[PDB]
Amino acid sequence: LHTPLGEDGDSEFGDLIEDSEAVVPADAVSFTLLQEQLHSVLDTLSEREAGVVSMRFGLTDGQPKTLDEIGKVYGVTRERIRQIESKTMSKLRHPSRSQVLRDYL
DNA sequence: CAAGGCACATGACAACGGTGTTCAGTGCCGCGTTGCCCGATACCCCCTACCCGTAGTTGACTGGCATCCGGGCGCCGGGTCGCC
(Lines give C-alpha, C1' and ligand atoms only; values in the text may rest on other atoms or scores of the structure.)
Protein backbone atom coordinates (compact mmCIF):
# COMPACT_ATOMS: atom_id res chain seq x y z
CA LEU A 1 0.00 0.00 0.00
CA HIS A 2 3.03 2.25 0.43
CA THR A 3 3.91 2.07 -3.24
CA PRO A 4 4.67 5.36 -5.04
CA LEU A 5 1.32 5.18 -6.92
CA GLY A 6 3.42 6.16 -9.91
CA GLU A 7 4.04 9.54 -8.33
CA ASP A 8 7.42 10.55 -6.98
CA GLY A 9 5.95 12.56 -4.13
CA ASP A 10 2.70 13.23 -2.22
CA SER A 11 1.04 9.92 -3.11
CA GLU A 12 0.51 6.38 -1.89
CA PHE A 13 -1.50 3.50 -3.31
CA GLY A 14 -2.76 3.14 0.27
CA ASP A 15 -4.75 6.39 -0.02
CA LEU A 16 -6.81 5.66 -3.14
CA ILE A 17 -9.05 2.69 -2.19
CA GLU A 18 -12.19 3.27 -0.14
CA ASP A 19 -13.09 0.91 2.69
CA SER A 20 -16.42 -0.82 3.32
CA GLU A 21 -16.71 -1.19 7.11
CA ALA A 22 -17.46 2.52 7.52
CA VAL A 23 -21.12 3.26 8.21
CA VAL A 24 -22.68 5.50 5.57
CA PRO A 25 -24.54 8.22 7.53
CA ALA A 26 -27.23 8.38 4.83
CA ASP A 27 -28.13 4.70 5.12
CA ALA A 28 -27.91 4.81 8.92
CA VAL A 29 -30.31 7.73 9.29
CA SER A 30 -32.67 6.24 6.71
CA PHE A 31 -32.72 3.05 8.78
CA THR A 32 -33.39 5.06 11.95
CA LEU A 33 -36.33 6.81 10.29
CA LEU A 34 -37.59 3.43 9.07
CA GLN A 35 -37.42 2.08 12.62
CA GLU A 36 -39.28 5.08 14.03
CA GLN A 37 -42.00 5.02 11.37
CA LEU A 38 -42.51 1.26 11.75
CA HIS A 39 -42.70 1.60 15.53
CA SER A 40 -45.25 4.39 15.10
CA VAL A 41 -47.48 2.36 12.77
CA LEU A 42 -47.02 -0.58 15.13
CA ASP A 43 -48.27 1.54 18.04
CA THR A 44 -51.19 2.66 15.87
CA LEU A 45 -52.52 -0.90 16.01
CA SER A 46 -53.75 -2.49 19.23
CA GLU A 47 -51.15 -2.82 21.97
CA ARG A 48 -51.65 -6.59 22.20
CA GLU A 49 -51.32 -7.07 18.43
CA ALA A 50 -48.33 -4.74 18.61
CA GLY A 51 -46.61 -6.78 21.30
CA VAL A 52 -47.17 -10.17 19.72
CA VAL A 53 -45.91 -9.06 16.29
CA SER A 54 -42.91 -7.40 17.95
CA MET A 55 -41.94 -10.56 19.82
CA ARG A 56 -42.54 -12.80 16.80
CA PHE A 57 -40.35 -10.73 14.46
CA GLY A 58 -37.92 -9.70 17.20
CA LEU A 59 -38.20 -5.91 16.93
CA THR A 60 -36.58 -5.41 20.37
CA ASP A 61 -33.91 -8.14 20.19
CA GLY A 62 -31.83 -9.29 17.25
CA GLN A 63 -33.06 -12.89 17.17
CA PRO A 64 -36.76 -13.49 16.39
CA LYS A 65 -38.82 -15.89 18.48
CA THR A 66 -40.79 -18.87 17.20
CA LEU A 67 -44.57 -19.08 17.46
CA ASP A 68 -44.71 -21.41 20.46
CA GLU A 69 -41.71 -19.52 21.85
CA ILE A 70 -44.09 -16.59 22.31
CA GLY A 71 -46.66 -18.81 24.05
CA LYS A 72 -44.65 -19.01 27.28
CA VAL A 73 -44.17 -15.42 28.46
CA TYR A 74 -47.62 -14.43 27.18
CA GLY A 75 -49.17 -17.78 28.15
CA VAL A 76 -50.98 -18.50 24.88
CA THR A 77 -51.14 -21.42 22.47
CA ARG A 78 -48.93 -22.13 19.47
CA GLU A 79 -52.02 -21.82 17.22
CA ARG A 80 -53.53 -18.75 18.89
CA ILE A 81 -50.24 -16.92 18.34
CA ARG A 82 -50.29 -18.01 14.69
CA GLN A 83 -53.84 -16.74 14.26
CA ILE A 84 -53.16 -13.29 15.69
CA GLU A 85 -49.97 -13.09 13.64
CA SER A 86 -51.97 -13.92 10.51
CA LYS A 87 -54.60 -11.25 11.15
CA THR A 88 -51.84 -8.76 11.97
CA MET A 89 -50.28 -9.47 8.58
CA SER A 90 -53.73 -9.05 7.05
CA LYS A 91 -54.24 -5.65 8.67
CA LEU A 92 -50.74 -4.36 7.93
CA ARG A 93 -51.30 -5.58 4.37
CA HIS A 94 -54.18 -3.09 4.23
CA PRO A 95 -53.19 -0.11 2.03
CA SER A 96 -53.81 2.21 5.00
CA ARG A 97 -50.75 1.18 7.05
CA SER A 98 -48.58 0.42 4.01
CA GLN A 99 -47.94 3.73 2.24
CA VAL A 100 -45.59 5.11 4.90
CA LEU A 101 -43.70 1.80 4.65
CA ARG A 102 -43.79 1.53 0.84
CA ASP A 103 -40.79 3.77 0.16
CA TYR A 104 -38.78 2.06 2.90
CA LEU A 105 -39.13 -1.43 1.38
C1' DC B 1 -155.29 4.51 59.69
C1' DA B 2 -150.85 2.04 61.62
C1' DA B 3 -148.23 -2.25 61.89
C1' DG B 4 -146.60 -6.47 59.84
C1' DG B 5 -145.60 -9.12 55.83
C1' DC B 6 -143.26 -10.16 50.98
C1' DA B 7 -140.32 -8.34 46.13
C1' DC B 8 -135.20 -6.62 43.80
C1' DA B 9 -131.34 -4.49 44.88
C1' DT B 10 -127.71 -3.71 47.65
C1' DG B 11 -123.15 -2.89 50.98
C1' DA B 12 -120.10 -5.78 51.65
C1' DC B 13 -118.25 -10.40 50.20
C1' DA B 14 -113.96 -13.72 46.81
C1' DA B 15 -112.60 -15.76 43.13
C1' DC B 16 -112.13 -15.92 38.34
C1' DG B 17 -109.82 -13.24 33.45
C1' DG B 18 -106.54 -11.98 31.34
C1' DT B 19 -102.28 -9.85 31.01
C1' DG B 20 -98.16 -8.55 32.03
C1' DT B 21 -94.48 -9.61 35.48
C1' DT B 22 -90.24 -12.00 39.16
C1' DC B 23 -87.36 -15.46 39.23
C1' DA B 24 -84.67 -18.76 37.23
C1' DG B 25 -83.32 -22.05 34.36
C1' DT B 26 -81.76 -23.34 30.44
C1' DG B 27 -80.72 -22.95 26.42
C1' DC B 28 -80.32 -20.48 20.95
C1' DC B 29 -77.70 -18.80 18.27
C1' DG B 30 -74.46 -14.96 17.54
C1' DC B 31 -69.16 -13.42 19.01
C1' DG B 32 -64.72 -15.22 21.35
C1' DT B 33 -60.11 -18.65 23.81
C1' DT B 34 -57.54 -23.02 23.22
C1' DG B 35 -57.78 -28.94 21.63
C1' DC B 36 -56.43 -31.76 17.61
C1' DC B 37 -53.73 -33.98 13.98
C1' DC B 38 -49.57 -33.71 11.21
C1' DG B 39 -45.03 -32.00 8.49
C1' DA B 40 -40.98 -30.29 8.31
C1' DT B 41 -36.35 -29.41 9.88
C1' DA B 42 -32.39 -29.51 13.24
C1' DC B 43 -29.03 -33.25 15.19
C1' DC B 44 -26.82 -37.75 15.86
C1' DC B 45 -24.41 -41.51 12.56
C1' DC B 46 -20.65 -43.86 8.84
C1' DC B 47 -16.75 -43.28 5.60
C1' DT B 48 -13.18 -41.01 1.82
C1' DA B 49 -10.69 -37.75 -1.92
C1' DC B 50 -8.10 -34.65 -0.67
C1' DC B 51 -4.87 -31.19 2.47
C1' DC B 52 -1.42 -30.61 5.06
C1' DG B 53 2.97 -31.99 7.90
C1' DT B 54 7.15 -34.73 8.00
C1' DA B 55 11.12 -37.83 6.04
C1' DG B 56 14.39 -38.79 2.99
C1' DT B 57 17.09 -38.47 -1.54
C1' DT B 58 25.23 -41.25 -1.26
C1' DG B 59 30.65 -39.38 -8.04
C1' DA B 60 31.40 -34.88 -6.40
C1' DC B 61 29.68 -29.84 -6.61
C1' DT B 62 33.85 -24.96 -0.05
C1' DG B 63 33.21 -16.93 -0.22
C1' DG B 64 28.29 -13.09 -2.35
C1' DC B 65 27.51 -8.89 -3.50
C1' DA B 66 28.35 -5.58 -3.97
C1' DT B 67 28.70 0.22 -6.44
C1' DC B 68 29.30 4.10 -8.69
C1' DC B 69 28.47 9.81 -8.12
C1' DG B 70 26.14 16.51 -11.93
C1' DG B 71 21.68 17.93 -5.23
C1' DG B 72 23.22 21.77 -2.28
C1' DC B 73 23.11 24.25 1.52
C1' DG B 74 23.79 24.77 5.68
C1' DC B 75 24.51 24.19 10.00
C1' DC B 76 25.51 21.73 14.23
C1' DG B 77 28.06 18.83 16.52
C1' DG B 78 31.26 15.77 17.81
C1' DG B 79 35.22 12.59 16.60
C1' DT B 80 39.65 12.03 14.91
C1' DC B 81 43.77 13.59 13.72
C1' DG B 82 47.27 17.19 13.92
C1' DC B 83 50.15 20.48 16.68
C1' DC B 84 53.75 20.56 20.52
# chains A, B, ... in the order shown; residues from 1 in each chain; ligands from 1

call {"tool": "interface_residues", "arguments": {"of": "chain A", "to": "chain B", "cutoff": "12 Å", "atoms": "only C-alpha atoms (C1' of nucleotides)", "output": "list in words"}}
result
residues 71, 75, 76, 77, 78, 79, 80, 81, 83 and 84 of chain A

call {"tool": "write_last_selection", "arguments": {"atoms": "N, CA and C atoms", "output": "PDB file, in the first residue's frame"}}
result
ATOM      1  N   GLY A  71     -45.575 -18.313  23.221  1.00  0.00           N
ATOM      2  CA  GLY A  71     -46.659 -18.808  24.046  1.00  0.00           C
ATOM      3  C   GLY A  71     -46.234 -19.271  25.423  1.00  0.00           C
ATOM      4  N   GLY A  75     -48.255 -16.742  27.714  1.00  0.00           N
ATOM      5  CA  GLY A  75     -49.168 -17.779  28.154  1.00  0.00           C
ATOM      6  C   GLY A  75     -50.303 -18.059  27.191  1.00  0.00           C
ATOM      7  N   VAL A  76     -49.988 -18.196  25.903  1.00  0.00           N
ATOM      8  CA  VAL A  76     -50.979 -18.503  24.881  1.00  0.00           C
ATOM      9  C   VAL A  76     -50.515 -19.725  24.097  1.00  0.00           C
ATOM     10  N   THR A  77     -51.385 -20.184  23.200  1.00  0.00           N
ATOM     11  CA  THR A  77     -51.143 -21.418  22.469  1.00  0.00           C
ATOM     12  C   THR A  77     -50.354 -21.156  21.189  1.00  0.00           C
ATOM     13  N   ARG A  78     -49.701 -22.214  20.701  1.00  0.00           N
ATOM     14  CA  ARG A  78     -48.931 -22.127  19.465  1.00  0.00           C
ATOM     15  C   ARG A  78     -49.804 -21.815  18.257  1.00  0.00           C
ATOM     16  N   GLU A  79     -51.101 -22.118  18.319  1.00  0.00           N
ATOM     17  CA  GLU A  79     -52.017 -21.818  17.224  1.00  0.00           C
ATOM     18  C   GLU A  79     -52.748 -20.498  17.406  1.00  0.00           C
ATOM     19  N   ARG A  80     -53.042 -20.105  18.649  1.00  0.00           N
ATOM     20  CA  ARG A  80     -53.531 -18.750  18.889  1.00  0.00           C
ATOM     21  C   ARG A  80     -52.533 -17.733  18.364  1.00  0.00           C
ATOM     22  N   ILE A  81     -51.264 -17.873  18.755  1.00  0.00           N
ATOM     23  CA  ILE A  81     -50.242 -16.920  18.340  1.00  0.00           C
ATOM     24  C   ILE A  81     -50.183 -16.843  16.821  1.00  0.00           C
ATOM     25  N   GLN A  83     -52.652 -17.416  14.751  1.00  0.00           N
ATOM     26  CA  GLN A  83     -53.845 -16.739  14.258  1.00  0.00           C
ATOM     27  C   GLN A  83     -53.713 -15.224  14.383  1.00  0.00           C
ATOM     28  N   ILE A  84     -53.252 -14.738  15.541  1.00  0.00           N
ATOM     29  CA  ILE A  84     -53.157 -13.287  15.689  1.00  0.00           C
ATOM     30  C   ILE A  84     -52.062 -12.750  14.783  1.00  0.00           C
TER      31      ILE A  84
END

call {"tool": "select_by_dssp", "arguments": {"residues": "chain A", "states": "helix (DSSP H, G or I)", "output": "VMD selection string"}}
result
chain A and resid 13 to 15 25 to 44 47 to 57 67 to 73 78 to 92 96 to 102

call {"tool": "atom_distance", "arguments": {"atom1": "atom CA of residue 69 of chain A", "atom2": "atom CA of residue 37 of chain A"}}
result
26.7 Å

call {"tool": "residues_around", "arguments": {"residues": "residue 46 of chain A", "least_positions_apart": "5", "cutoff": "12 Å", "atoms": "only C-alpha atoms (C1' of nucleotides)", "output": "ChimeraX atom specification"}}
result
/A:40-41,51-54,84,87-88,91-92

call {"tool": "write_last_selection", "arguments": {"atoms": "N, CA, C and O atoms", "output": "CSV table (one decimal), in the first residue's frame"}}
result
chain,number,residue,atom,x,y,z
A,40,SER,N,-44.1,3.6,15.0
A,40,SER,CA,-45.2,4.4,15.1
A,40,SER,C,-46.5,3.7,14.5
A,40,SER,O,-47.5,3.6,15.2
A,41,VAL,N,-46.3,3.1,13.3
A,41,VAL,CA,-47.5,2.4,12.8
A,41,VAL,C,-47.8,1.1,13.6
A,41,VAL,O,-49.0,0.7,13.7
A,51,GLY,N,-47.6,-6.0,20.5
A,51,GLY,CA,-46.6,-6.8,21.3
A,51,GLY,C,-46.3,-8.1,20.7
A,51,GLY,O,-45.2,-8.6,20.6
A,52,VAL,N,-47.4,-8.8,20.3
A,52,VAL,CA,-47.2,-10.2,19.7
A,52,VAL,C,-46.4,-10.1,18.4
A,52,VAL,O,-45.5,-10.9,18.2
A,53,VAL,N,-46.7,-9.2,17.5
A,53,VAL,CA,-45.9,-9.1,16.3
A,53,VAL,C,-44.5,-8.7,16.6
A,53,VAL,O,-43.5,-9.2,16.0
A,54,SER,N,-44.3,-7.8,17.6
A,54,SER,CA,-42.9,-7.4,17.9
A,54,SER,C,-42.1,-8.6,18.4
A,54,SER,O,-40.9,-8.8,18.1
A,84,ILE,N,-53.3,-14.7,15.5
A,84,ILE,CA,-53.2,-13.3,15.7
A,84,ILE,C,-52.1,-12.7,14.8
A,84,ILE,O,-52.2,-11.6,14.2
A,87,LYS,N,-53.7,-12.4,11.3
A,87,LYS,CA,-54.6,-11.3,11.1
A,87,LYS,C,-53.8,-9.9,11.3
A,87,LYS,O,-54.2,-8.9,10.7
A,88,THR,N,-52.7,-9.9,12.0
A,88,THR,CA,-51.8,-8.8,12.0
A,88,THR,C,-51.3,-8.5,10.6
A,88,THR,O,-51.2,-7.4,10.1
A,91,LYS,N,-54.0,-7.1,8.4
A,91,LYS,CA,-54.2,-5.6,8.7
A,91,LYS,C,-53.1,-4.8,8.1
A,91,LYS,O,-53.4,-3.8,7.4
A,92,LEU,N,-51.9,-5.1,8.4
A,92,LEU,CA,-50.7,-4.4,7.9
A,92,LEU,C,-50.7,-4.4,6.4
A,92,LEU,O,-50.2,-3.5,5.8

call {"tool": "residues_around", "arguments": {"residues": "residue 102 of chain A", "least_positions_apart": "2", "cutoff": "12 Å", "atoms": "only C-alpha atoms (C1' of nucleotides)", "output": "list in words"}}
result
residues 34, 37, 38, 92, 93, 94, 95, 96, 97, 98, 99, 100, 104 and 105 of chain A

call {"tool": "atom_distance", "arguments": {"atom1": "atom CA of residue 35 of chain A", "atom2": "atom CA of residue 101 of chain A"}}
result
10.2 Å
